[PDB]
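Okay, so here's just one chain, in structure tokens, the form solved without this ligand.
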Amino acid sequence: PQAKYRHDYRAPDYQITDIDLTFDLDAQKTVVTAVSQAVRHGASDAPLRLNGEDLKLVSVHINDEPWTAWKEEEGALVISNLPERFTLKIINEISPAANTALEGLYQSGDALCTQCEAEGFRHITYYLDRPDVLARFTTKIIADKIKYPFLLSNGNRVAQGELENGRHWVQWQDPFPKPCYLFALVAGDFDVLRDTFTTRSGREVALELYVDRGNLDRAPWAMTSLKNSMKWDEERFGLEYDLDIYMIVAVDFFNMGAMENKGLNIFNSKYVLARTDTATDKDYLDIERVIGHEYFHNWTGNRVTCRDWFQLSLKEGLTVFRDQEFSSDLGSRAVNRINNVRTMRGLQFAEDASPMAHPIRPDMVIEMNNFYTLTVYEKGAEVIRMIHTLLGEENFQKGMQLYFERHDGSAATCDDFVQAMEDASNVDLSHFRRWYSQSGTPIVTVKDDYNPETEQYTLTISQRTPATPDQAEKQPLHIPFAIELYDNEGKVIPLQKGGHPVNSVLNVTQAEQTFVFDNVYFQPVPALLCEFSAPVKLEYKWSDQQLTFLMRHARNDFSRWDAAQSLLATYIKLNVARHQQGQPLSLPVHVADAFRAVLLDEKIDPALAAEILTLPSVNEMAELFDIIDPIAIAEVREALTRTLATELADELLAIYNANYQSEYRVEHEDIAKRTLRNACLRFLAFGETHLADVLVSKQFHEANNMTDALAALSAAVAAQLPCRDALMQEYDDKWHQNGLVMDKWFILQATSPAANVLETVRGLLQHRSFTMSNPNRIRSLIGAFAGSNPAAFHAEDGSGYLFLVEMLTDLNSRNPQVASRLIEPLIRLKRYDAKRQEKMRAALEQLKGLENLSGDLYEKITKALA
């Protein structure tokens, strides 16, 4: 597999302006006719190089003349000796039933559906499969009427007919030019939830949600979330939908989460289907986020698209930022920010410290599907948010407006977006641009001094980004570094120097710099990197008392949570070292007291209390360490939970009871109280065994919603309670027919602390609810084991690695994209001890030797073994 490089981008020799597709649909053999209007822009002697994969070419015509001047090569059809303008007609065959990779046109149960991003359209026909080629599409679909009563593509229906032998057809037209990655086709039999949204300016939009027959009871929340998304984009960004219909199709077989195809989004059913007995609060809020995300792409991705795939973050970072702002505006901003920071500091930082590290705008890509990453998405959004921090909302919106004014109807670059923000706001972002080109996590070190003679407070701030495998050279970034200073009363000290106020967002642009503040009338307790103002690691020598002070007094709820994290970090590190020495947990009384205070604080938002009372995950804990000891981390997390459960037993039970809710509502105040109640239950499960068992079994049986049922089930598994096996069997018996519900159960099995977890996981490959043909099942059982049970995955006998190798040997051939998701835990080998590294290296070498090794895996394996 050959690497492609950002610096090699060149405008295409040919454009296509219009394409008319006809599909003669059949699961075994689909015949595609594609009539494209093409224009040469390059040299008169330049051939047309069309991309195509696994196509059976039937014919090639140019202006209806059968063409002789062509050749097929690896991945391409090369057509020579062309006029400056011409009509290209290609007929080819494809086989949806044979498509196990789920890229291009494939089968999802009885439905046929497409996934074209990034480079899937070339699996459908020979085309200029690159996003700077935008064309107006017309799509005619012919199919068996009984099997495929609904025939959907982008845009509006412009024609329909019936044919002999039980076939029918529908033709669609989408007036907006698009790159082919936004093409979609769906054929099948569905229940359809129909609604309307009227835009601010009065455009009536038909909303249509297509689900498998029998799933209409699980559709209204997604529909509600779509309308919420439409309203919010109007209110916050001033953006309206631009077409007459908005279709969403929920499919069970889907590699990713969802896809923003123009006017015809295709969603993994996991991000559509919800009812109160099948879906948790988290599922509801995820459906809201993902519905919003795909909707927000209508402008940030579709109306303005990407010039090339290296510019992916142009749409993904900005659309993730938009989905975060949507969730934060409608729900709890503090909880959203906290959770997005957890994802950054734990999961994304790990990626930036791995062999797969890349800038948010990559420079080198072998398999583009490997770059739909935490970095491109989540760090991408942090970079957009830094622009927002530097500009303020007003200037940021002016930048958005200039961006659309300049680039509407075109394919643009990350740089185009930064330039729009810079030009609209008059804020210089030249240094800032380095965030797009530099990988790795900056480390920001802060030292301070208080001078009582002069009443001056001095911050000495330094930065450095360690070299990464992809980049030997690193330079200082423009880091927006937000601070607050607190006096002894917990009041904010005004920031000023020389009689003038100073902005609280410090511009940390050098390797080292000093900031001096005057009229600091008392030695401050600083809050640093407020609201995680830059995606960086903070090094500051906190005292425990400074941190507990912040937990009490910090103005922003995020700072209170963050102070608790800093406090915990010290004792997580202490106790991991102790574990390695065979010593039990040690925790100062005053640390337990800080958490007691949180439980008993009557003024604190339950949403915030719940997050403070949610311990960092084993992945968050891992990023506190250079070399990860996954067994020590798992056991310390459990020991910390048990210690807090014992010390806070009475308070935990009181708060658990106080937050009981008889009505179930998907409403933010209710969700907050329930999150707090279940956070308490988690500790209570790890307390005295009999009380724990009674509390947990009772909640499981009495729950009137899946949030509370699953919280109880999860606690029974985590604490290995007597009731565990009974409850797990009861859930299986009730829910085995429902794959999405069983995913939760597979996750609990895969992440179990039980000694025999791998044995159980292996056996579950034969479970009635499991299948290797379904990405969701694979991720929930195998993915969760390797990625979310690092203690078992990293068993010292190497059994975890061998299991993953067996699974990847299958998946490499079946579904390389899912295989590539699942190999990720293995490529982190350098974070582990020498003995584990050698077993992981051996596993990677075995995979490197596979017959027909996919490019997806090749890219990751080669980087890992370097």
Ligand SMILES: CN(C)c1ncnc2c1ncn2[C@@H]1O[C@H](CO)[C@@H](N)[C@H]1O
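In this text, residue numbers run from 1 along the sequence as written.
Missing here is the form solved in complex with this ligand; even so, the following discussion is about that form.
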| property | result |
| --- | --- |
| The unique member of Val505, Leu538, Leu347, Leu134 whose heavy atoms fall within 4.5 Å of this ligand in the deposited bound form | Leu347 |
| Contacting member of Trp232, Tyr372, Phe86, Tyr284, with respect to this ligand in the deposited bound form [4.5 Å, heavy atom] | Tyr372 |
| Non-hydrogen atom within 4.5 Å of this ligand in the deposited bound form for each of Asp329, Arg333 and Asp670 | no |
| Region of this chain that lies against this ligand in the deposited bound form, out of 470-478, 553-561, 372-380, 582-590 [heavy atom, 4.5 Å] | 372-380 |
| Touches this ligand in the deposited bound form: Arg821 (any heavy atom, 4.5 Å) | yes |
| Contact test in the deposited bound form: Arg828 vs this ligand, heavy atoms, 4.5 Å | yes |
